[PDB]
Amino acid sequence: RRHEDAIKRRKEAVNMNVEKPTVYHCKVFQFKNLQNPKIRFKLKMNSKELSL
RNA sequence: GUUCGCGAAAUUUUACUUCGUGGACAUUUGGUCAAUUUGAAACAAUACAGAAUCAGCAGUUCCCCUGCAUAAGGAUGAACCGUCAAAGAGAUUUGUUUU
């Protein structure tokens, strides 16, 4: 019961929005070849997951 | 003066009676049942020391095991890639192998 109420509580963590930070943090990477398909998949996934 | 013991006499050895002899030879206290009875104050009633035991759970304090929550923190896997929708008006082009 506490486990399910936790998820019904998680949805309120979903509809919470931004509250923009102060300083954005940036990194720059550079590569010779992106052709590897799984790398191309992971860079998309992990970008969507972390809200990067 | 009281008793116990030994020796002598009068009678039937122990016994009574008397002489010579060795001890022992104080009284009290520390001894109240408590409780209850309308009277010039006594111990007379009225009781009468009879004036509960086995077992179960839980709760505080620490420890371990296993869950779920929460705060932080990490490790890894997931094949395919992003600068609109509708309607209206104007401008340009368009004989035989795969229908």
# chains A, B, ... in the order shown; residues from 1 in each chain; ligands from 1

$ interface_residues --of "chain A" --to "chain B" --cutoff "7 Å" --atoms "only C-alpha atoms (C1' of nucleotides)" --output "list in words"
residues 2, 3, 37, 38 and 41 of chain A

$ atom_distance --atom1 "CA of residue 25 in chain A" --atom2 "CA of residue 47 in chain A"
14.4 Å

$ closest_residue --among "B:50, B:95, B:77, B:90" --to "residue 45 in chain A" --atoms "only C-alpha atoms (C1' of nucleotides)"
B:77

$ select_by_dssp --residues "chain A" --states "alpha helix (DSSP H)" --output "list in words"
residues 2, 3, 4, 5, 6, 7, 8, 9, 10, 11, 12, 13, 14, 37, 38, 39, 40, 41, 42, 43, 44, 45, 46, 47, 48 and 49 of chain A

$ write_last_selection --atoms "N, CA, C and O atoms" --output "short mmCIF file (atom, residue, chain, number, x, y, z; two decimals), in the first residue's frame"
data_model
loop_
_atom_site.label_atom_id
_atom_site.label_comp_id
_atom_site.auth_asym_id
_atom_site.auth_seq_id
_atom_site.Cartn_x
_atom_site.Cartn_y
_atom_site.Cartn_z
N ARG A 2 1.90 1.29 0.84
CA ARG A 2 2.80 2.43 0.80
C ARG A 2 3.54 2.51 -0.53
O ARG A 2 3.84 3.60 -1.02
N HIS A 3 3.80 1.35 -1.15
CA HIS A 3 4.49 1.35 -2.43
C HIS A 3 3.64 1.97 -3.52
O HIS A 3 4.14 2.72 -4.36
N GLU A 4 2.34 1.68 -3.53
CA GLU A 4 1.47 2.24 -4.56
C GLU A 4 1.19 3.71 -4.30
O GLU A 4 1.20 4.52 -5.23
N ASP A 5 0.94 4.06 -3.04
CA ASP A 5 0.75 5.47 -2.70
C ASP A 5 2.01 6.26 -3.03
O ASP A 5 1.94 7.47 -3.29
N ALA A 6 3.16 5.59 -3.04
CA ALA A 6 4.39 6.26 -3.44
C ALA A 6 4.34 6.67 -4.91
O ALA A 6 4.82 7.74 -5.26
N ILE A 7 3.76 5.83 -5.77
CA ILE A 7 3.72 6.12 -7.20
C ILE A 7 2.63 7.15 -7.50
O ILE A 7 2.85 8.11 -8.25
N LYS A 8 1.44 6.97 -6.90
CA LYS A 8 0.43 8.02 -6.94
C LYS A 8 1.00 9.33 -6.42
O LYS A 8 0.49 10.41 -6.73
N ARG A 9 2.04 9.25 -5.59
CA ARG A 9 2.74 10.45 -5.16
C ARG A 9 3.77 10.89 -6.19
O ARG A 9 4.13 12.07 -6.26
N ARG A 10 4.28 9.94 -6.98
CA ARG A 10 5.29 10.27 -7.99
C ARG A 10 4.70 11.09 -9.11
O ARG A 10 5.39 11.92 -9.71
N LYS A 11 3.42 10.88 -9.42
CA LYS A 11 2.80 11.66 -10.49
C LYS A 11 2.79 13.15 -10.17
O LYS A 11 2.89 13.99 -11.07
N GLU A 12 2.69 13.50 -8.88
CA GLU A 12 2.82 14.90 -8.51
C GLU A 12 4.25 15.38 -8.71
O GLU A 12 4.50 16.57 -8.92
N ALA A 13 5.22 14.46 -8.64
CA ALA A 13 6.58 14.83 -9.02
C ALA A 13 6.70 14.94 -10.54
O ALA A 13 7.64 15.55 -11.05
N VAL A 14 5.74 14.36 -11.27
CA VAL A 14 5.74 14.50 -12.72
C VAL A 14 5.22 15.87 -13.14
O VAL A 14 5.86 16.58 -13.92
N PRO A 37 25.54 1.80 -34.41
CA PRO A 37 24.11 2.08 -34.17
C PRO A 37 23.74 2.15 -32.70
O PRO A 37 22.98 3.05 -32.31
N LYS A 38 24.27 1.25 -31.87
CA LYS A 38 23.88 1.24 -30.46
C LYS A 38 24.31 2.51 -29.75
O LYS A 38 23.60 3.00 -28.87
N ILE A 39 25.48 3.05 -30.09
CA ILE A 39 25.90 4.34 -29.56
C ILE A 39 24.89 5.41 -29.93
O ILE A 39 24.47 6.21 -29.09
N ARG A 40 24.46 5.42 -31.19
CA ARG A 40 23.48 6.39 -31.65
C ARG A 40 22.16 6.25 -30.90
O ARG A 40 21.46 7.24 -30.66
N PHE A 41 21.82 5.02 -30.50
CA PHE A 41 20.60 4.80 -29.72
C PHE A 41 20.76 5.33 -28.30
O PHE A 41 19.90 6.06 -27.79
N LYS A 42 21.88 5.00 -27.67
CA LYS A 42 22.11 5.39 -26.28
C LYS A 42 22.20 6.90 -26.13
O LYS A 42 21.70 7.46 -25.15
N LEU A 43 22.82 7.58 -27.09
CA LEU A 43 22.93 9.03 -26.98
C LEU A 43 21.56 9.70 -27.03
O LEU A 43 21.36 10.73 -26.39
N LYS A 44 20.62 9.12 -27.78
CA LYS A 44 19.25 9.62 -27.82
C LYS A 44 18.51 9.32 -26.53
O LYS A 44 17.95 10.23 -25.90
N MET A 45 18.49 8.05 -26.12
CA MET A 45 17.82 7.63 -24.90
C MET A 45 18.29 8.44 -23.70
O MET A 45 17.50 9.15 -23.09
N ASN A 46 19.57 8.32 -23.37
CA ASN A 46 20.09 8.99 -22.18
C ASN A 46 19.90 10.49 -22.23
O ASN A 46 19.81 11.15 -21.19
N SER A 47 19.82 11.06 -23.44
CA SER A 47 19.52 12.49 -23.53
C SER A 47 18.07 12.77 -23.16
O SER A 47 17.78 13.75 -22.47
N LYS A 48 17.15 11.91 -23.60
CA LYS A 48 15.75 12.12 -23.24
C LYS A 48 15.49 11.82 -21.77
O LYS A 48 14.62 12.46 -21.16
N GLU A 49 16.24 10.89 -21.18
CA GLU A 49 15.95 10.46 -19.82
C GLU A 49 16.37 11.52 -18.80
O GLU A 49 15.60 11.87 -17.90
#

$ residues_around --residues "residue 34 in chain B" --least-positions-apart "2" --cutoff "12 Å" --atoms "only C-alpha atoms (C1' of nucleotides)" --output "PyMOL selection string"
chain B and resi 32+36+47-49+51

$ write_last_selection --atoms "C-alpha atoms (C1' of nucleotides)" --output "PDB file, in the first residue's frame"
ATOM      1  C1'   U B  32      -0.579  -6.552  81.149  1.00  0.00           C
ATOM      2  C1'   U B  36     -15.913  -3.268  72.198  1.00  0.00           C
ATOM      3  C1'   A B  47     -15.255 -11.170  70.656  1.00  0.00           C
ATOM      4  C1'   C B  48     -10.490 -14.876  70.900  1.00  0.00           C
ATOM      5  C1'   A B  49      -5.236 -13.969  67.795  1.00  0.00           C
ATOM      6  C1'   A B  51      -6.844  -9.741  64.423  1.00  0.00           C
TER       7        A B  51
END

$ decode --residues "chain A" --atoms "C-alpha atoms" --output "PDB file, in the first residue's frame"
ATOM      1  CA  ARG A   1       0.000   0.000   0.000  1.00  0.00           C
ATOM      2  CA  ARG A   2       2.804   2.432   0.800  1.00  0.00           C
ATOM      3  CA  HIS A   3       4.493   1.346  -2.432  1.00  0.00           C
ATOM      4  CA  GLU A   4       1.467   2.236  -4.555  1.00  0.00           C
ATOM      5  CA  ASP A   5       0.748   5.468  -2.702  1.00  0.00           C
ATOM      6  CA  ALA A   6       4.392   6.257  -3.444  1.00  0.00           C
ATOM      7  CA  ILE A   7       3.716   6.123  -7.198  1.00  0.00           C
ATOM      8  CA  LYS A   8       0.432   8.020  -6.943  1.00  0.00           C
ATOM      9  CA  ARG A   9       2.739  10.455  -5.160  1.00  0.00           C
ATOM     10  CA  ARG A  10       5.288  10.267  -7.987  1.00  0.00           C
ATOM     11  CA  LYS A  11       2.797  11.657 -10.492  1.00  0.00           C
ATOM     12  CA  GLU A  12       2.823  14.902  -8.507  1.00  0.00           C
ATOM     13  CA  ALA A  13       6.577  14.830  -9.022  1.00  0.00           C
ATOM     14  CA  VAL A  14       5.737  14.497 -12.724  1.00  0.00           C
ATOM     15  CA  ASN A  15       3.458  17.520 -13.088  1.00  0.00           C
ATOM     16  CA  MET A  16       6.083  19.616 -11.300  1.00  0.00           C
ATOM     17  CA  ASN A  17       7.761  21.908 -13.796  1.00  0.00           C
ATOM     18  CA  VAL A  18      11.286  23.323 -14.205  1.00  0.00           C
ATOM     19  CA  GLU A  19      11.964  26.096 -11.650  1.00  0.00           C
ATOM     20  CA  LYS A  20      14.898  27.044 -13.853  1.00  0.00           C
ATOM     21  CA  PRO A  21      18.405  26.862 -12.335  1.00  0.00           C
ATOM     22  CA  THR A  22      20.910  29.709 -12.113  1.00  0.00           C
ATOM     23  CA  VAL A  23      23.907  28.613 -14.227  1.00  0.00           C
ATOM     24  CA  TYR A  24      23.473  25.972 -16.924  1.00  0.00           C
ATOM     25  CA  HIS A  25      26.300  23.441 -17.114  1.00  0.00           C
ATOM     26  CA  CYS A  26      27.789  22.495 -20.466  1.00  0.00           C
ATOM     27  CA  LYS A  27      30.127  19.882 -21.901  1.00  0.00           C
ATOM     28  CA  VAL A  28      31.424  19.437 -25.438  1.00  0.00           C
ATOM     29  CA  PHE A  29      32.537  16.090 -26.850  1.00  0.00           C
ATOM     30  CA  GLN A  30      33.964  15.379 -30.287  1.00  0.00           C
ATOM     31  CA  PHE A  31      34.468  12.106 -32.143  1.00  0.00           C
ATOM     32  CA  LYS A  32      35.760  10.607 -35.375  1.00  0.00           C
ATOM     33  CA  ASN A  33      32.935   8.134 -36.109  1.00  0.00           C
ATOM     34  CA  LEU A  34      29.340   7.861 -34.852  1.00  0.00           C
ATOM     35  CA  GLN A  35      28.363   5.017 -37.216  1.00  0.00           C
ATOM     36  CA  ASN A  36      27.908   2.490 -34.415  1.00  0.00           C
ATOM     37  CA  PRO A  37      24.109   2.078 -34.171  1.00  0.00           C
ATOM     38  CA  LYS A  38      23.884   1.235 -30.458  1.00  0.00           C
ATOM     39  CA  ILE A  39      25.898   4.336 -29.563  1.00  0.00           C
ATOM     40  CA  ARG A  40      23.477   6.390 -31.651  1.00  0.00           C
ATOM     41  CA  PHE A  41      20.601   4.805 -29.722  1.00  0.00           C
ATOM     42  CA  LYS A  42      22.108   5.386 -26.282  1.00  0.00           C
ATOM     43  CA  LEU A  43      22.931   9.026 -26.975  1.00  0.00           C
ATOM     44  CA  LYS A  44      19.253   9.616 -27.823  1.00  0.00           C
ATOM     45  CA  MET A  45      17.817   7.626 -24.903  1.00  0.00           C
ATOM     46  CA  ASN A  46      20.092   8.986 -22.178  1.00  0.00           C
ATOM     47  CA  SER A  47      19.517  12.486 -23.532  1.00  0.00           C
ATOM     48  CA  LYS A  48      15.748  12.121 -23.242  1.00  0.00           C
ATOM     49  CA  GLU A  49      15.954  10.464 -19.815  1.00  0.00           C
ATOM     50  CA  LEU A  50      18.137  12.985 -17.959  1.00  0.00           C
ATOM     51  CA  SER A  51      16.405  15.993 -19.548  1.00  0.00           C
ATOM     52  CA  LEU A  52      19.768  17.085 -20.941  1.00  0.00           C
TER      53      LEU A  52
END
